[PDB]
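Each protein sequence line maps, in turn, to chains A and A'. A prime marks a further copy of an entry chain. Under the authors' numbering, the residues of the first sequence are numbered -1 to 303, in order. Under the authors' numbering, the residues of the second sequence are numbered -1 to 303, in order. Please read the structure below before turning to the comments.
Number of protein chains: 2
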Amino acid sequence: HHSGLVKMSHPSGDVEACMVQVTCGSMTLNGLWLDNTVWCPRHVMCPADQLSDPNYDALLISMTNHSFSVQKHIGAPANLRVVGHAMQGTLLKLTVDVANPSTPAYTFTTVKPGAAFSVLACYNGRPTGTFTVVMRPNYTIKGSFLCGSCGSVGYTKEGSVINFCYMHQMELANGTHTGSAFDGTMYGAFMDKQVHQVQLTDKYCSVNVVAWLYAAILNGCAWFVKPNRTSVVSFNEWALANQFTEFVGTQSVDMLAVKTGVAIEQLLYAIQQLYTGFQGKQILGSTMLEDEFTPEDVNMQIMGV
Amino acid sequence: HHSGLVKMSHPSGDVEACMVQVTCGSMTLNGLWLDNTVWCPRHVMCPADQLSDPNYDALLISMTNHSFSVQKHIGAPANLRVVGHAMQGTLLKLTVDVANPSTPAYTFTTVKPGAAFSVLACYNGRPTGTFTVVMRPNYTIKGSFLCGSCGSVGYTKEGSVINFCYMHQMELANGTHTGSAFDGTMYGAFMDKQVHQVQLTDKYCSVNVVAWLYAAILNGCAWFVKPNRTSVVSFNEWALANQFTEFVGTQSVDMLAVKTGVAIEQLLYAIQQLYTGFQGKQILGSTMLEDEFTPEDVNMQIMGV
Ligand SMILES: *[C@H](O)[C@H](C[C@@H]1CCNC1=O)NC(=O)[C@H](CC(C)C)NC(=O)OC[C@@H]1CCC(=O)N1CC1CCC(F)(F)CC1
Ligand SMILES: *[C@H](O)[C@H](C[C@@H]1CCNC1=O)NC(=O)[C@H](CC(C)C)NC(=O)OC[C@@H]1CCC(=O)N1CC1CCC(F)(F)CC1
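Next comes the structure, spelled out in structure tokens:
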């Protein structure tokens, strides 16, 4: 029995119309054009020779407006003249002389561990694919990004408003990815330099595991549900010892508890038992806990909320 | 170590600009507007009372052009006057008096089992999500579709050309989905009626399992590779007895064999052994064979081809 769950991304058209190519000398990557501003990773200013110890303050001072070339390729082609430049953290903010006529309603936000967002992967200012990821507890994402993908953007949508939350910067040694928020801070403790970096330990996202167990119940799969219960306080002490995030309930989780009639605390107990092993059984086709689906995913895709 | 594989969909903007709402009396669903034609499922003509034994020939004759209401909501709003109507298999072909000014270059094709395509899920003519699926050997897809989703479209893209291959029609008893090709035929043996239907047995897609084992090798994971080999002929005899599709090699698979230095026949042997059990080991985070990634996915996402 198929769960009705898929990895669902937002339709990408609104964001496709904002993607541009940014070139600075021997470097090219993607940028995001909103109003009269183009955002892109600041390492577009770095010669590949110096990526391991760049002085971005000196690189920035060495640039003029004419140092940058901004091009839109798709749909409504355009070469955009740069008329100002500035650095904010790990991003450049270029000012251009034409306002994007397809600028959507938008905000900038930071995404939290366990939360999902959509990514528009782009190369040379051309969108090539879209996928959805969850921000991991160690502030990486399990993406699919190759050389040239930097400046690809991640976002959520509330109504018609696009909430931009990620601009792609780098791949870590274990194959995961990270990037910047639009305040210019890198997610986690990462730096935008080509150097070995401590990567922090990942954890299971407890709230998303709970969501997935509710999805199982909503599909008629509830063998793992018992009367037994573990309190949030007791579960969270256990989680710190067992590489789980601490559980924080939300209204979205509460809606799943009400729909199914199964208490959160019953599923916190189930998680503790299932972590020790599924004893040969499956849940929604899986022999391991799944934490890549959020309570909101389950509410939307299964309950139509 | 993350594989670098995700479920990747095409950017959806080109197709978003083709989606419309079609209403016929008490029924509303989605349609696809290309040139002066709007395609939609023919059960928009059926009153919910009669969905179990409709006479679509009589329903069609009972309609006039004014029976249909076509509306575009997003981006460039419009009410489209219907000036002709026709049935092709399980689809209606409505002719409208305005050509879609955003019609992309397009073709119609039929997708084969094991092949992947992108879906734009829509409700009331409004795109709400995108995801990618593989056509299963029993001509269903493991989608995410709720009431109102019919007329949602699936497609592939070659260059700038969109190859439309699926128009959503129904959910089966096991939670999977199926629909029509744009020649109006339903995939598989399914009919567009609200009646119990024999559903055929699914199978593992052998070529995609091979692709995934190559993805594992490309990520440094090759414990399952031995000198031992099973011929395609011998594997295909085994597959018929073990709920696997017969293996048919392609140039995309050959490219993976050349890059990795591991022969297809080595992986056909591995599959036979892994099917009997992973003996407590994991491949790319999984304790079971994965068949939802195609050779083309692996070439594109990991090898950048
Ligand atoms: C921008 O387009 C690009 C995107 C990368 C390329 C490959 N996949 C991506 O997501 N970003 C970079 O190349 C980035 C640039 C710096 C200045 C921020 N560098 C980067 O991602 O380098 C990661 C390297 C290459 C692959 C890999 O495993 N690592 C990390 C690893 C390098 C060796 C080590 F010893 F230093 C340990 C860390
Ligand atoms: C069109 O918007 C809609 C899309 C469906 C709704 C739910 N999810 C979807 O993908 N299509 C239909 O409702 C479709 C209409 C007919 C005329 C083609 N009917 C349909 O999908 O019905 C499927 C039903 C409802 C859920 C379910 O399990 N089944 C199949 C099952 C019904 C009972 C049975 F005994 F007949 C055995 C088969």
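Idealized CB from N, CA, C, for every residue including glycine.
Nearest residue (CA-CA) to residue i, options the options
i          : options                                         : result
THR199(A)  : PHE162(A), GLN241(A), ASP55(A)                  : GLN241(A)
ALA114(A') : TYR164(A'), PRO99(A'), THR126(A'), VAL193(A')   : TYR164(A')
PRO225(A)  : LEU265(A), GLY157(A), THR258(A)                 : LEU265(A)
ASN77(A')  : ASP181(A'), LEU211(A'), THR21(A')               : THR21(A')
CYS16(A')  : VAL4(A'), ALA268(A'), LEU30(A'), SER7(A')       : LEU30(A')
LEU254(A') : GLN299(A'), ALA237(A'), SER284(A'), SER229(A')  : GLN299(A')
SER142(A)  : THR183(A'), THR176(A'), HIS(-1)(A'), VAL256(A') : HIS(-1)(A')
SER60(A')  : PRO99(A'), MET43(A'), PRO9(A'), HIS175(A')      : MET43(A')
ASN63(A')  : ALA103(A'), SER10(A'), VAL94(A')                : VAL94(A')
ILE139(A') : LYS257(A), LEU3(A), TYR212(A), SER204(A)        : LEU3(A)
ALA214(A') : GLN280(A'), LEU144(A'), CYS120(A')              : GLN280(A')
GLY87(A)   : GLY112(A), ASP55(A), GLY73(A), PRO111(A)        : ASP55(A)
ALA46(A)   : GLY275(A), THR26(A), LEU32(A)                   : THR26(A)
Separation of residue j from residue i, as counted between CA atoms
i          : j          : result
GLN270(A)  : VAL208(A)  : 11 Å
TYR137(A') : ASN234(A') : 20 Å
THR126(A') : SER250(A') : 33 Å
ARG124(A') : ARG40(A')  : 19 Å
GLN48(A')  : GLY186(A') : 23 Å
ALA97(A)   : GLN69(A)   : 13 Å
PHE180(A)  : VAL36(A)   : 11 Å
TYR267(A') : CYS38(A')  : 45 Å
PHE66(A')  : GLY23(A')  : 8 Å
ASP289(A)  : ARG79(A')  : 48 Å
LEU90(A)   : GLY302(A') : 27 Å
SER150(A)  : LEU118(A)  : 6 Å
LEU58(A)   : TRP236(A)  : 48 Å
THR285(A)  : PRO99(A')  : 49 Å
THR248(A)  : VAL205(A)  : 9 Å
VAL159(A') : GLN277(A)  : 49 Å
Extent of the continuous alpha helix (DSSP H) run through residue i
i          : result
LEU90(A')  : It is not in any alpha helix (DSSP H) - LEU90(A') instead sits in the beta strand (DSSP E) that spans 89 to 94.
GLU169(A)  : Counting along the chain, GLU169(A) falls outside any alpha helix (DSSP H), though it belongs to the beta strand (DSSP E) covering 159 to 169.
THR258(A') : 249 to 258
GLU235(A)  : 230 to 239
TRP210(A)  : 204 to 216
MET298(A') : 293 to 299
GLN264(A)  : 262 to 273
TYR54(A)   : 54 to 60
Those residues which DSSP pairs with residue i across a bridge
i              : result
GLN19(A')      : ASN28(A'), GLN69(A')
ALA119(A)      : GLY127(A)
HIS83(A')      : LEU92(A')
residue 373(A) : Outside the shown range of chain A, which is -1 to 303, sits residue 373(A), and nothing can be said about it.
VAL132(A')     : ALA114(A')
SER284(A)      : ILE281(A)
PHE242(A)      : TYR202(A)
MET184(A)      : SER178(A)
Residue i Cβ short of 7 Å to ligand 1 heavy atom set
i         : result
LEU27(A)  : yes
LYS191(A) : yes
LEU170(A) : yes
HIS8(A)   : no
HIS194(A) : yes
Closer than 7 Å: residue i CB and nearest ligand 2 heavy atom
i          : result
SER147(A') : yes
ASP51(A')  : no
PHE222(A') : no
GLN167(A') : yes
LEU144(A') : yes
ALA237(A') : no
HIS0(A')   : no
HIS41(A')  : yes
Residue i: first and last residue of the uninterrupted beta strand (DSSP E) it sits in
i               : result
residue 362(A') : An answer regarding residue 362(A') cannot be provided, because it is not within the stretch -1 to 303 covered by chain A'.
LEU78(A)        : 76 to 78
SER178(A)       : 175 to 178
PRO39(A)        : 35 to 39
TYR104(A)       : 104 to 106
Cβ-heavy atom distance, residue i to ligand 3, below 7 Å
i          : result
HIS175(A') : For the structure depicted, ligand 3 is absent and the ligand set comprises only ligand 1 and ligand 2.
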